[PDB]
Amino acid sequence: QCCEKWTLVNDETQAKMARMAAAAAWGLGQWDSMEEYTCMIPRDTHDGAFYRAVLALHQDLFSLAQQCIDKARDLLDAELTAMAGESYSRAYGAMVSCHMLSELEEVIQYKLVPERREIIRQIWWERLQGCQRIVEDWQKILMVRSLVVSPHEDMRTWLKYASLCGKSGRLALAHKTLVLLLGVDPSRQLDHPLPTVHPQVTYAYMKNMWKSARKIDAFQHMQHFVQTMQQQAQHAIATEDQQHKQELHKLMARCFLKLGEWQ
Amino acid sequence: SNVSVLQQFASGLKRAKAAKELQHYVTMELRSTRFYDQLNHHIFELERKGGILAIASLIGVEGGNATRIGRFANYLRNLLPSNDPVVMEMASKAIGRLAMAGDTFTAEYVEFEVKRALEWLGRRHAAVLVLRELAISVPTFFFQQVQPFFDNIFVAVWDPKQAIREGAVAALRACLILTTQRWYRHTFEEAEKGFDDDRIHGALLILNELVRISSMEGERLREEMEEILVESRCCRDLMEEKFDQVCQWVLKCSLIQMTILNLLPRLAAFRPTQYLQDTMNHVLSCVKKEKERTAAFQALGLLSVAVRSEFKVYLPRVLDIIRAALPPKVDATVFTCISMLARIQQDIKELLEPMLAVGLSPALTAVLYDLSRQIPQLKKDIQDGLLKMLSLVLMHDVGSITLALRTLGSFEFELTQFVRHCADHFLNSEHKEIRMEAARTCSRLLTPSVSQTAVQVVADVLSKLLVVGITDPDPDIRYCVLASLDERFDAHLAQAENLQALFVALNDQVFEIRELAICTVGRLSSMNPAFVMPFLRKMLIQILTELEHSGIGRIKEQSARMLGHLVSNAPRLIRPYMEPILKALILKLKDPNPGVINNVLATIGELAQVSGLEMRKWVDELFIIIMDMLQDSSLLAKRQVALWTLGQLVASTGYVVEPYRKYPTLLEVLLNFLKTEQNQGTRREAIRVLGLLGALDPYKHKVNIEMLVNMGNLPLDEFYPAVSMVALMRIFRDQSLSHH
C-alpha cells in the first residue's frame with residue numbers, strides 16, 4: 001500500500017505515512033526504500049532520531065549513531081517525566097523505549113569486540129525475562145536485536161516467542177516462526193515425514209499442529225518421532241555423548257505422556 | 001584573606017587587565033567572604049574598570065544565587081543614571097554576565113531596568129544600553145514590554161545625535177529579531193517620515209534592519225564574508241525614493257556615504273540592474289576618497305555578491321587600482337571583494353604576483369585558500385610564489401616571521417633545505433611565540449611516517465624536538481611540543497635514547513606534562529614491552545604509597561587521577577593486580593575534600609571496564625556504598641559521576657532484575673531525579689541507568705514493594721467545634737509552634 005501511493009499523495013499525509021513505511025521497509029529488509037522514507041520524518045521527533053541511528057549503525061557510522069541516541073534521550077525526557085508523575089503502570093511505554101535505546105547502545109561493542117559476544121547474549125537472555133508478556137514489545141525488542149544476530153544462532157528465545165504467540169489466538173504467526181526455524185514447509189510436502197534435525201523444533205511444531213484440527217496426523221507423526229528417537233539413542237550411544245543422552249531421555253518422556261493423553 | 005585580596009583587587013583597579021581578571025577567577029575557584037564583599041564595595045564607590053572586572057568575573061564561577069543579586073543590583077543601578085560613556089561598555093558586559101544567572105528575580109530586575117530606561121528616553125544612552133543588554137541577556141522578560149519600547153524609541157531616536165542613534169538602531173534590531181523569532185509598518189512609516197542630515201543615517205539603518213530581517217540570505221553572506229510582505233509591498237516607492245536621493249544628493253552630505261554603502265548591496269541582494277551602472281558610479285567615486293576608500297571597497301564587494309552577472313564589465317577598473325596599491329606594500333577589503341567575485345581563473349594568474357609582493361599580511365592566505373576551495377584549478381603558481389616569498393622572508397619583522405610560520409602549514413604545498421633552515425630558526429630563538437610556532441610547523445610538515453630514506457632525517461629532527469621539549473626552561477612550550485606527538489609516531493618512539501628521555505619527562509612538577517607523558521607511555525608498551533612494563537610497575541607501587549601513607553588532600557587527588565589514567569591506558573599490566581588495588585580504593589570510600597571522592601569513583605568505572613565477570617562478588621558492597629551516597633545529601637558528592645559508575649558496573653559485570661528485588665527503593669529513587677533537577681547530564685545518566693537495568697513488569701514492582709471523613713450525620717452545631725480542635729492539635733506539635 002505504501003509503495004502504490006507515494007506521488008499520489010500530499011506532503012502533510014506523506015509525513016504521517018513515513019513512520020509506518022520505514023517500519024515496514026525495515027521489517028522486510030529492503031534498505032533502499034528505508035532511507036527514502038526516513039528522510040521524510042521530522043528531525044525533532046524521537047522516532048526520527050531512532051531511525052537515523054538505526055541507519056547509521058547499518059552503515060557503520062558509530063559516532064553519528066551515538067549522537068542520534070543522545071538526541072533521542074533528550075527528546076524522550078519530556079514524555080517520561082510527564083507520564084512518570086502518576087503511577088508506574090502508565091510509564092511502562094517509555095520504559096520500553098529506554099530498554100530499546102540501551103540495547104541499541106549495546107549493539108555497538110558487538111561489532112568491535114569479538115571477545116565480548118557470549119556475555120552479551122547471556123545478558124540479553126536474562127534481561128528479556130523481566131519484561132511483561134505482551135507480543136508487540138517482544139516483536140520490537142527482537143527486531144532491534146536482529147541487526148547482528150540471526151534466529152539460527154539463538155533458538156530458545158524464538159521458541160519462547162512462538163510459545164507465547166500460541167497461548168494467544170495467533171497460531172498463524174507461530175506457524176510462520178516454526179517454519180522459518182525448521183528450514184522447510186512440511187505443510188506443502190504432506191507425503192514426506194517431518195525433519196529430524198533440532199528435535200525441540202519438531203516437538204513444538206507437532207503440538208502447534210495438534211492445537212489445530214490435525215489431531216490424528218499429530219498422533220501419527222508423534223509415534224514415528226518416538227521410534228526415531230529411540231533408534232537414534234541406541235545407535236549413537238557414546239561416553240562423550242552422555243549429556244546429550246540425558247537431554248535425549250528427558251525429551252522422550254515428555255513425548256510419551258502426550259501420546260497417552262491423546263490416546 | 002583580607003589584605004591580600006584587597007591588594008589584588010586594587011591592582012586590578014589601578015592584556016594585563018584580562019590576565020588579572022583570569023587570575024582572580026582562578027583564586028576564587030581555589031576558594032573571607034565578608035572581606036571580599038567589603039573589597040567590592042571599596043572599589044565600586046571610587047578604578048571603575050577593575051571593579052567591573054572583579055564583579056563580572058566572579059559571576060558564573062562561585063555558587064551565589066540570591067544574595068549576590070540582591071547586593072550587586074544596587075551597585076549596577078547606581079552607575080547607570082549619571083556617568084561618562086565608553087567605560088559603560090564594561091558595565092554593560094557585567095550586566096549581561098549577571099543577567100544570565102537567573103535566580104527567581106530576573107523578571108522583576110529586568111522589568112524594573114526596562115521601565116527606568118524608558119523613563120529617561122548621560123541619561124538617554126544609559127537607557128539604550130540597559131535596553132540592549134536586557135534584550136540580549138533576557139529574551140523572555142524583554143519581550144514582555146514592546147509597545148512602550150517602540151513608541152518611546154521612535155521619539156528619542158530622531159534627536160540630532162549620532163551616539164544615541166548607534167545604540168537605538170541596535171536595540172531596534174534586537175527587538176525586531178525577537179519579534180520575528182516568535183510594528184514593521186510603524187517602523188517603515190516613521191523611517192520614511194523623517195527623510196521628508198540628521199534624519200538620514202538612522203532611518204537608513206532602520207530600513208536596513210527591516211530589509212535584512214525580510215531575507216536572511218543576504219546577511220548570511222555579509223556575516224560570512226566579514227569574518228574572512230511588508231517591505232515587498234512598498235518596494236517600488238522605497239526604491240524610487242532611494243534612487244532619487246542617491247542621484248540628487250551627489251555631494252550634499254561621511255555618515256550618509258557609509259549608510260548608503262551598507263544599504264546598496266543588501267538592496268541589490270533583495271532583487272538583482274535598475275541602478276547597477278549608477279551603483280558602480282557611486283561606489284567607485286567613493287573609493288578614491290581615503291575617508292571612504294575603505295568602505296567603498298566593502299560596498300563594491302558586497303554588491304558583487306548581490307549582483308552576479310553584471311559586475312564583470314568593471315573588472316579592469318578595480319584591478320587597475322589593486323595592482324597599484326600593493327607594490328608600495330585599504331586592500332584588506334579588496335581581497336575580500338576578489339574572493340567574493342568567484343562566488344574568473346586567468347586574471348587571478350596575473351593577480352598572483354602583487355598579493356605576494358605585499359609580503360606577509362593577514363587575510364591573504366585565508367583568501368587564497370577560500371579561492372582555491374570554491375574554484376579548484378590554479379594553485380601551483382600560487383604555491384610557487386608563496387614559497388618563494390616565504391624563503392625570501394626567512395633567509396634574512398617578528399610578527400611577520402610568526403605569520404610566515406603560521407602560513408607554512410595552510411593547505412597543500414610542494415623541501416630539504418627548508419627543514420634545516422627551520423632547525424636553525426627555532427635554535428636562534430629566546431621567544432615563547434617564535435619557538436612554539438616553529439615547533440608546530442616542524443611537527444606538521446613531517447606528516448609522512450616502510451623505507452629507510454628520510455628515516456635518518458626524521459631521527460635527527462625528532463631527537464632535537466625531544467631535547468627542546470624536555471630542556472625548555474619555561475613550561476608553556478614543553479606542553480605544546482609533547483602534545484604535538486600523536487598516535488602516528490610509534491616507530492621512532494620505540495627507540496632507547498627516546499624512551500629514556502620520555503621516562504625522564506615523568507615525575508615533573510606541573511602535573512599536566514605528567515598526565516600527558518603517562519598517557520603516551522601507556523599508549524606505547526605494546527611494541528617494546530621489554531622496557532616499559534617494569535617501569536610502569538614501579539610507578540604503580542609508588543602511586544599506591546602516596547595515597548596510602550600521606551595525610552594530605554592534594555597529592556592524594558593527583559595520585560588518584562594518575563592511577564585512573566594508568567588503568568585506562570595499557571590495561572594488560574593491571575589484570576593480575578585487580579584485587580589489591582580495589583581493596584585500597586574502597587578503604588578511601590569507607591571513611592567517617594570532594595575531589596578525592598570524585599576521582600576515586602571515576603577510576604572505579606575504568607577498573608570495571610577493564611574487567612568483568614571477575615569483578616562480581618565485589619558488586620554488592622559497591623552497590624550499598626553508592627546507594628547510601630545517592631540519597632543522604634549530608635555526604636553530598638556529585639551525582640553525575642555516581643550514576644555513571646553505577647551504570648558502568650551494571651553494564652560491564654552483568655547484573656539485571658535482581659537489584660530491584662534486593663534494593664526495593666532503587667526505582668522510587670531513580671525516577672525522583674527526573675522531577676527535581678535541571679541538568680542534561682544527570683537526567684541522561686538516569687535514563688541510561690534505567691535502560692540498562694531493564695524494564696520491569698508492574699506486577700513485579702507491586703510484589704517488590706479526616707474532615708470529610710468526620711462529616712457523617714452529626715448536626716452542624718457539633719461539627720464546627722470538632723474540626724477546629726483537629727486543626728489546632730495538628731499544629732500543636734513543635735516546628736511552626738516556634739512562633740505560634
# chains A, B, ... in the order shown; residues from 1 in each chain; ligands from 1

$ residues_around --residues "residue 95 in chain A" --least-positions-apart "4" --cutoff "7 Å" --atoms "only C-alpha atoms" --output "ChimeraX atom specification"
/A:91,99 /B:695

$ residues_around --residues "range 193-207 of chain A" --least-positions-apart "4" --cutoff "10 Å" --atoms "only C-alpha atoms" --output "PDB file with N, CA, C and O atoms, in the first residue's frame"
ATOM      1  N   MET A 155      18.187 -20.260  19.459  1.00  0.00           N
ATOM      2  CA  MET A 155      16.890 -20.885  19.227  1.00  0.00           C
ATOM      3  C   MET A 155      15.905 -20.620  20.361  1.00  0.00           C
ATOM      4  O   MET A 155      14.716 -20.402  20.108  1.00  0.00           O
ATOM      5  N   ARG A 156      16.375 -20.638  21.611  1.00  0.00           N
ATOM      6  CA  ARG A 156      15.452 -20.668  22.742  1.00  0.00           C
ATOM      7  C   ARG A 156      14.592 -19.412  22.802  1.00  0.00           C
ATOM      8  O   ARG A 156      13.404 -19.482  23.143  1.00  0.00           O
ATOM      9  N   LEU A 159      11.880 -19.848  20.257  1.00  0.00           N
ATOM     10  CA  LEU A 159      10.946 -20.875  20.701  1.00  0.00           C
ATOM     11  C   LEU A 159       9.995 -20.324  21.754  1.00  0.00           C
ATOM     12  O   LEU A 159       8.787 -20.585  21.712  1.00  0.00           O
ATOM     13  N   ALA A 162       7.470 -18.100  20.022  1.00  0.00           N
ATOM     14  CA  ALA A 162       6.426 -18.880  19.366  1.00  0.00           C
ATOM     15  C   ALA A 162       5.441 -19.444  20.381  1.00  0.00           C
ATOM     16  O   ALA A 162       4.226 -19.427  20.154  1.00  0.00           O
ATOM     17  N   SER A 163       5.945 -19.955  21.505  1.00  0.00           N
ATOM     18  CA  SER A 163       5.055 -20.474  22.539  1.00  0.00           C
ATOM     19  C   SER A 163       4.150 -19.378  23.084  1.00  0.00           C
ATOM     20  O   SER A 163       2.954 -19.600  23.304  1.00  0.00           O
ATOM     21  N   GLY A 166       1.463 -18.796  20.751  1.00  0.00           N
ATOM     22  CA  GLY A 166       0.491 -19.877  20.722  1.00  0.00           C
ATOM     23  C   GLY A 166      -0.612 -19.705  21.750  1.00  0.00           C
ATOM     24  O   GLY A 166      -1.796 -19.852  21.436  1.00  0.00           O
ATOM     25  N   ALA A 174       2.858 -18.119  14.963  1.00  0.00           N
ATOM     26  CA  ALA A 174       3.681 -19.213  15.466  1.00  0.00           C
ATOM     27  C   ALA A 174       4.028 -20.189  14.352  1.00  0.00           C
ATOM     28  O   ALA A 174       5.145 -20.719  14.304  1.00  0.00           O
ATOM     29  N   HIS A 175       3.077 -20.453  13.454  1.00  0.00           N
ATOM     30  CA  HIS A 175       3.362 -21.301  12.302  1.00  0.00           C
ATOM     31  C   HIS A 175       4.487 -20.713  11.463  1.00  0.00           C
ATOM     32  O   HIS A 175       5.406 -21.426  11.050  1.00  0.00           O
ATOM     33  N   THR A 177       6.858 -18.646  12.430  1.00  0.00           N
ATOM     34  CA  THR A 177       8.119 -18.719  13.165  1.00  0.00           C
ATOM     35  C   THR A 177       8.694 -20.131  13.126  1.00  0.00           C
ATOM     36  O   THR A 177       9.890 -20.326  12.876  1.00  0.00           O
ATOM     37  N   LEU A 178       7.852 -21.137  13.360  1.00  0.00           N
ATOM     38  CA  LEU A 178       8.336 -22.512  13.341  1.00  0.00           C
ATOM     39  C   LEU A 178       8.762 -22.925  11.936  1.00  0.00           C
ATOM     40  O   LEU A 178       9.687 -23.731  11.775  1.00  0.00           O
ATOM     41  N   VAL A 179       8.104 -22.386  10.907  1.00  0.00           N
ATOM     42  CA  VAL A 179       8.506 -22.678   9.534  1.00  0.00           C
ATOM     43  C   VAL A 179       9.884 -22.103   9.255  1.00  0.00           C
ATOM     44  O   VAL A 179      10.726 -22.748   8.617  1.00  0.00           O
ATOM     45  N   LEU A 181      12.097 -21.594  11.404  1.00  0.00           N
ATOM     46  CA  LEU A 181      13.071 -22.298  12.238  1.00  0.00           C
ATOM     47  C   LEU A 181      13.401 -23.686  11.708  1.00  0.00           C
ATOM     48  O   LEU A 181      14.550 -24.116  11.819  1.00  0.00           O
ATOM     49  N   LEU A 182      12.426 -24.392  11.130  1.00  0.00           N
ATOM     50  CA  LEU A 182      12.698 -25.728  10.606  1.00  0.00           C
ATOM     51  C   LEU A 182      13.618 -25.675   9.391  1.00  0.00           C
ATOM     52  O   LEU A 182      14.554 -26.473   9.277  1.00  0.00           O
ATOM     53  N   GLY A 183      13.366 -24.742   8.473  1.00  0.00           N
ATOM     54  CA  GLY A 183      14.092 -24.658   7.228  1.00  0.00           C
ATOM     55  C   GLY A 183      13.313 -25.113   6.010  1.00  0.00           C
ATOM     56  O   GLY A 183      13.766 -24.874   4.883  1.00  0.00           O
ATOM     57  N   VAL A 184      12.166 -25.759   6.199  1.00  0.00           N
ATOM     58  CA  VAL A 184      11.282 -26.172   5.119  1.00  0.00           C
ATOM     59  C   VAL A 184       9.842 -25.975   5.579  1.00  0.00           C
ATOM     60  O   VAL A 184       9.581 -25.542   6.704  1.00  0.00           O
ATOM     61  N   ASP A 185       8.898 -26.301   4.695  1.00  0.00           N
ATOM     62  CA  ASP A 185       7.467 -26.224   4.988  1.00  0.00           C
ATOM     63  C   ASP A 185       6.880 -27.625   4.884  1.00  0.00           C
ATOM     64  O   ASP A 185       6.464 -28.054   3.797  1.00  0.00           O
ATOM     65  N   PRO A 186       6.826 -28.375   5.987  1.00  0.00           N
ATOM     66  CA  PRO A 186       6.194 -29.703   5.931  1.00  0.00           C
ATOM     67  C   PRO A 186       4.742 -29.656   5.498  1.00  0.00           C
ATOM     68  O   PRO A 186       4.209 -30.681   5.055  1.00  0.00           O
ATOM     69  N   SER A 187       4.083 -28.501   5.608  1.00  0.00           N
ATOM     70  CA  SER A 187       2.695 -28.397   5.172  1.00  0.00           C
ATOM     71  C   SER A 187       2.567 -28.670   3.678  1.00  0.00           C
ATOM     72  O   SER A 187       1.625 -29.341   3.242  1.00  0.00           O
ATOM     73  N   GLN A 189       4.730 -30.435   1.662  1.00  0.00           N
ATOM     74  CA  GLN A 189       5.121 -31.805   1.337  1.00  0.00           C
ATOM     75  C   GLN A 189       4.495 -32.772   2.341  1.00  0.00           C
ATOM     76  O   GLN A 189       5.150 -33.332   3.220  1.00  0.00           O
ATOM     77  N   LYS A 211      -2.774 -28.333  18.262  1.00  0.00           N
ATOM     78  CA  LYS A 211      -3.649 -27.226  18.638  1.00  0.00           C
ATOM     79  C   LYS A 211      -4.670 -26.934  17.545  1.00  0.00           C
ATOM     80  O   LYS A 211      -5.772 -26.453  17.837  1.00  0.00           O
ATOM     81  N   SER A 212      -4.327 -27.213  16.290  1.00  0.00           N
ATOM     82  CA  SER A 212      -5.244 -27.042  15.172  1.00  0.00           C
ATOM     83  C   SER A 212      -5.999 -28.354  14.934  1.00  0.00           C
ATOM     84  O   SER A 212      -5.924 -29.282  15.742  1.00  0.00           O
ATOM     85  N   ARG A 214      -5.600 -30.804  12.929  1.00  0.00           N
ATOM     86  CA  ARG A 214      -4.867 -32.002  12.534  1.00  0.00           C
ATOM     87  C   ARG A 214      -4.469 -32.821  13.755  1.00  0.00           C
ATOM     88  O   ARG A 214      -3.303 -32.823  14.162  1.00  0.00           O
ATOM     89  N   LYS A 215      -5.438 -33.519  14.350  1.00  0.00           N
ATOM     90  CA  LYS A 215      -5.188 -34.280  15.570  1.00  0.00           C
ATOM     91  C   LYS A 215      -4.601 -35.654  15.255  1.00  0.00           C
ATOM     92  O   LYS A 215      -3.549 -36.038  15.787  1.00  0.00           O
ATOM     93  N   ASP A 217      -3.241 -36.684  12.518  1.00  0.00           N
ATOM     94  CA  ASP A 217      -1.937 -36.526  11.885  1.00  0.00           C
ATOM     95  C   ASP A 217      -0.856 -36.281  12.929  1.00  0.00           C
ATOM     96  O   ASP A 217       0.249 -36.825  12.827  1.00  0.00           O
ATOM     97  N   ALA A 218      -1.157 -35.465  13.940  1.00  0.00           N
ATOM     98  CA  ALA A 218      -0.193 -35.226  15.007  1.00  0.00           C
ATOM     99  C   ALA A 218       0.135 -36.514  15.749  1.00  0.00           C
ATOM    100  O   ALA A 218       1.302 -36.787  16.051  1.00  0.00           O
ATOM    101  N   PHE A 219      -0.885 -37.319  16.055  1.00  0.00           N
ATOM    102  CA  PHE A 219      -0.646 -38.596  16.725  1.00  0.00           C
ATOM    103  C   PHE A 219       0.253 -39.499  15.883  1.00  0.00           C
ATOM    104  O   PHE A 219       1.232 -40.079  16.387  1.00  0.00           O
ATOM    105  N   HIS A 221       2.369 -38.666  13.531  1.00  0.00           N
ATOM    106  CA  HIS A 221       3.721 -38.125  13.461  1.00  0.00           C
ATOM    107  C   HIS A 221       4.482 -38.380  14.755  1.00  0.00           C
ATOM    108  O   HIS A 221       5.676 -38.702  14.730  1.00  0.00           O
ATOM    109  N   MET A 222       3.809 -38.231  15.899  1.00  0.00           N
ATOM    110  CA  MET A 222       4.480 -38.415  17.181  1.00  0.00           C
ATOM    111  C   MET A 222       4.951 -39.853  17.355  1.00  0.00           C
ATOM    112  O   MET A 222       6.025 -40.097  17.919  1.00  0.00           O
ATOM    113  N   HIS A 224       6.018 -41.963  15.040  1.00  0.00           N
ATOM    114  CA  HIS A 224       7.258 -42.100  14.285  1.00  0.00           C
ATOM    115  C   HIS A 224       8.388 -41.321  14.941  1.00  0.00           C
ATOM    116  O   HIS A 224       9.544 -41.761  14.930  1.00  0.00           O
ATOM    117  N   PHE A 225       8.079 -40.147  15.496  1.00  0.00           N
ATOM    118  CA  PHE A 225       9.102 -39.361  16.178  1.00  0.00           C
ATOM    119  C   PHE A 225       9.712 -40.149  17.330  1.00  0.00           C
ATOM    120  O   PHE A 225      10.936 -40.185  17.495  1.00  0.00           O
ATOM    121  N   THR A 228      11.945 -42.991  15.995  1.00  0.00           N
ATOM    122  CA  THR A 228      13.224 -42.490  15.507  1.00  0.00           C
ATOM    123  C   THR A 228      14.123 -42.065  16.659  1.00  0.00           C
ATOM    124  O   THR A 228      15.336 -42.286  16.621  1.00  0.00           O
ATOM    125  N   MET A 229      13.549 -41.435  17.686  1.00  0.00           N
ATOM    126  CA  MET A 229      14.353 -41.021  18.830  1.00  0.00           C
ATOM    127  C   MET A 229      14.970 -42.223  19.531  1.00  0.00           C
ATOM    128  O   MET A 229      16.151 -42.198  19.894  1.00  0.00           O
ATOM    129  N   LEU A 248      18.387 -36.231  25.753  1.00  0.00           N
ATOM    130  CA  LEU A 248      17.518 -37.015  24.884  1.00  0.00           C
ATOM    131  C   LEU A 248      16.445 -37.733  25.695  1.00  0.00           C
ATOM    132  O   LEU A 248      15.251 -37.632  25.392  1.00  0.00           O
ATOM    133  N   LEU A 251      13.677 -35.673  26.901  1.00  0.00           N
ATOM    134  CA  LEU A 251      12.741 -35.334  25.838  1.00  0.00           C
ATOM    135  C   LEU A 251      11.747 -36.466  25.611  1.00  0.00           C
ATOM    136  O   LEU A 251      10.531 -36.239  25.565  1.00  0.00           O
ATOM    137  N   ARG A 254       8.757 -36.578  27.884  1.00  0.00           N
ATOM    138  CA  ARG A 254       7.752 -35.566  27.583  1.00  0.00           C
ATOM    139  C   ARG A 254       6.907 -35.971  26.385  1.00  0.00           C
ATOM    140  O   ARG A 254       5.716 -35.648  26.329  1.00  0.00           O
ATOM    141  N   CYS A 255       7.499 -36.679  25.422  1.00  0.00           N
ATOM    142  CA  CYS A 255       6.716 -37.188  24.304  1.00  0.00           C
ATOM    143  C   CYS A 255       5.713 -38.231  24.778  1.00  0.00           C
ATOM    144  O   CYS A 255       4.509 -38.119  24.516  1.00  0.00           O
ATOM    145  N   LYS A 258       2.372 -37.182  26.314  1.00  0.00           N
ATOM    146  CA  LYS A 258       1.448 -36.626  25.335  1.00  0.00           C
ATOM    147  C   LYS A 258       0.698 -37.741  24.623  1.00  0.00           C
ATOM    148  O   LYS A 258      -0.538 -37.744  24.577  1.00  0.00           O
TER     149      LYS A 258
END

$ interface_residues --of "chain A" --to "chain B" --cutoff "8 Å" --atoms "only C-alpha atoms" --output "PDB file with N, CA and C atoms, in the first residue's frame"
ATOM      1  N   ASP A  70      21.877  10.003  21.798  1.00  0.00           N
ATOM      2  CA  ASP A  70      21.805  11.062  22.797  1.00  0.00           C
ATOM      3  C   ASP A  70      20.624  11.986  22.523  1.00  0.00           C
ATOM      4  N   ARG A  73      17.418  10.460  23.574  1.00  0.00           N
ATOM      5  CA  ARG A  73      17.218  10.517  25.019  1.00  0.00           C
ATOM      6  C   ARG A  73      16.712  11.890  25.452  1.00  0.00           C
ATOM      7  N   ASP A  74      17.337  12.957  24.934  1.00  0.00           N
ATOM      8  CA  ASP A  74      16.874  14.308  25.248  1.00  0.00           C
ATOM      9  C   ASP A  74      15.417  14.506  24.847  1.00  0.00           C
ATOM     10  N   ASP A  77      13.004  12.560  27.462  1.00  0.00           N
ATOM     11  CA  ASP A  77      12.923  13.087  28.845  1.00  0.00           C
ATOM     12  C   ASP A  77      11.548  13.675  29.128  1.00  0.00           C
ATOM     13  N   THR A  81       8.956  12.126  31.959  1.00  0.00           N
ATOM     14  CA  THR A  81       8.612  12.935  33.122  1.00  0.00           C
ATOM     15  C   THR A  81       7.108  13.142  33.216  1.00  0.00           C
ATOM     16  N   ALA A  84       5.516   9.696  34.191  1.00  0.00           N
ATOM     17  CA  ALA A  84       6.001   9.101  35.433  1.00  0.00           C
ATOM     18  C   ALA A  84       5.376   9.754  36.659  1.00  0.00           C
ATOM     19  N   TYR A  88       3.305   3.945  38.251  1.00  0.00           N
ATOM     20  CA  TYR A  88       4.303   3.301  37.408  1.00  0.00           C
ATOM     21  C   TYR A  88       3.677   2.557  36.237  1.00  0.00           C
ATOM     22  N   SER A  89       2.389   2.215  36.327  1.00  0.00           N
ATOM     23  CA  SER A  89       1.736   1.493  35.240  1.00  0.00           C
ATOM     24  C   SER A  89       1.690   2.329  33.968  1.00  0.00           C
ATOM     25  N   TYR A  92       5.068   2.596  31.591  1.00  0.00           N
ATOM     26  CA  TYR A  92       5.717   1.417  31.024  1.00  0.00           C
ATOM     27  C   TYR A  92       6.129   1.645  29.573  1.00  0.00           C
ATOM     28  N   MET A  95       9.403   3.229  29.410  1.00  0.00           N
ATOM     29  CA  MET A  95      10.420   2.308  29.902  1.00  0.00           C
ATOM     30  C   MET A  95      10.857   1.352  28.803  1.00  0.00           C
ATOM     31  N   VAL A  96       9.914   0.910  27.971  1.00  0.00           N
ATOM     32  CA  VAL A  96      10.275   0.044  26.852  1.00  0.00           C
ATOM     33  C   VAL A  96      11.215   0.777  25.900  1.00  0.00           C
ATOM     34  N   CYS A  98      13.325   3.196  26.670  1.00  0.00           N
ATOM     35  CA  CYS A  98      14.626   3.289  27.381  1.00  0.00           C
ATOM     36  C   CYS A  98      15.347   1.950  27.236  1.00  0.00           C
ATOM     37  N   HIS A  99      14.640   0.825  27.366  1.00  0.00           N
ATOM     38  CA  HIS A  99      15.199  -0.506  27.148  1.00  0.00           C
ATOM     39  C   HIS A  99      15.771  -0.626  25.742  1.00  0.00           C
ATOM     40  N   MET A 100      14.993  -0.207  24.743  1.00  0.00           N
ATOM     41  CA  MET A 100      15.444  -0.317  23.360  1.00  0.00           C
ATOM     42  C   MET A 100      16.680   0.536  23.110  1.00  0.00           C
ATOM     43  N   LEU A 101      16.719   1.745  23.671  1.00  0.00           N
ATOM     44  CA  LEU A 101      17.882   2.607  23.468  1.00  0.00           C
ATOM     45  C   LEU A 101      19.137   1.995  24.078  1.00  0.00           C
ATOM     46  N   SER A 102      19.025   1.441  25.286  1.00  0.00           N
ATOM     47  CA  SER A 102      20.184   0.802  25.901  1.00  0.00           C
ATOM     48  C   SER A 102      20.632  -0.414  25.097  1.00  0.00           C
ATOM     49  N   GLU A 103      19.679  -1.195  24.585  1.00  0.00           N
ATOM     50  CA  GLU A 103      20.044  -2.330  23.743  1.00  0.00           C
ATOM     51  C   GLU A 103      20.744  -1.867  22.471  1.00  0.00           C
ATOM     52  N   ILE A 123      23.440 -11.797  28.725  1.00  0.00           N
ATOM     53  CA  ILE A 123      22.808 -10.639  29.349  1.00  0.00           C
ATOM     54  C   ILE A 123      21.466 -10.352  28.693  1.00  0.00           C
ATOM     55  N   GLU A 126      18.893 -12.959  29.877  1.00  0.00           N
ATOM     56  CA  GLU A 126      18.436 -12.724  31.244  1.00  0.00           C
ATOM     57  C   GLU A 126      17.556 -11.483  31.332  1.00  0.00           C
ATOM     58  N   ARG A 127      17.815 -10.423  30.610  1.00  0.00           N
ATOM     59  CA  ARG A 127      17.042  -9.172  30.717  1.00  0.00           C
ATOM     60  C   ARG A 127      15.695  -9.374  30.083  1.00  0.00           C
ATOM     61  N   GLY A 130      12.516 -10.312  32.400  1.00  0.00           N
ATOM     62  CA  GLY A 130      11.897  -9.445  33.385  1.00  0.00           C
ATOM     63  C   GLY A 130      10.788  -8.563  32.857  1.00  0.00           C
ATOM     64  N   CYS A 131      10.589  -8.532  31.543  1.00  0.00           N
ATOM     65  CA  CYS A 131       9.582  -7.672  30.944  1.00  0.00           C
ATOM     66  C   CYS A 131       8.212  -8.347  30.972  1.00  0.00           C
ATOM     67  N   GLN A 132       7.193  -7.582  30.595  1.00  0.00           N
ATOM     68  CA  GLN A 132       5.842  -8.110  30.504  1.00  0.00           C
ATOM     69  C   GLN A 132       5.725  -9.041  29.301  1.00  0.00           C
TER      70      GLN A 132
END

$ residues_around --residues "range 29-32 of chain B" --least-positions-apart "4" --cutoff "7 Å" --atoms "only C-alpha atoms" --output "ChimeraX atom specification"
/B:1-2,25,36,61

$ write_last_selection --atoms "C-alpha atoms" --output "PDB file, in the first residue's frame"
ATOM      1  CA  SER B   1      42.381  36.684  53.097  1.00  0.00           C
ATOM      2  CA  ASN B   2      41.504  40.321  53.838  1.00  0.00           C
ATOM      3  CA  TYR B  25      38.785  33.933  38.811  1.00  0.00           C
ATOM      4  CA  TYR B  36      35.577  40.114  49.525  1.00  0.00           C
ATOM      5  CA  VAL B  61      32.381  30.977  38.936  1.00  0.00           C
TER       6      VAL B  61
END

$ residues_around --residues "residue 476 in chain B" --least-positions-apart "5" --cutoff "10 Å" --atoms "only C-alpha atoms" --output "mmCIF file with C-alpha atoms, in the first residue's frame"
data_model
loop_
_atom_site.group_PDB
_atom_site.id
_atom_site.type_symbol
_atom_site.label_atom_id
_atom_site.label_comp_id
_atom_site.auth_asym_id
_atom_site.auth_seq_id
_atom_site.Cartn_x
_atom_site.Cartn_y
_atom_site.Cartn_z
ATOM 1 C CA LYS B 432 57.748 31.766 23.549
ATOM 2 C CA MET B 436 56.056 27.492 19.631
ATOM 3 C CA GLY B 469 60.641 19.648 24.800
ATOM 4 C CA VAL B 481 55.841 20.051 21.976
#

$ atom_distance --atom1 "CA of residue 256 in chain B" --atom2 "CA of residue 208 in chain B"
13.3 Å

$ closest_residue --among "A:128, A:237, A:53, A:226" --to "residue 253 in chain A" --atoms "only C-alpha atoms"
A:226

$ residues_around --residues "residue 172 in chain B" --least-positions-apart "5" --cutoff "9 Å" --atoms "only C-alpha atoms" --output "list in words"
residues 132, 149, 150, 153, 167, 177, 206 and 209 of chain B

$ select_by_dssp --residues "range 574-641 of chain B" --states "alpha helix (DSSP H)" --output "PyMOL selection string"
chain B and resi 578-589+594-610+619-630+640-641
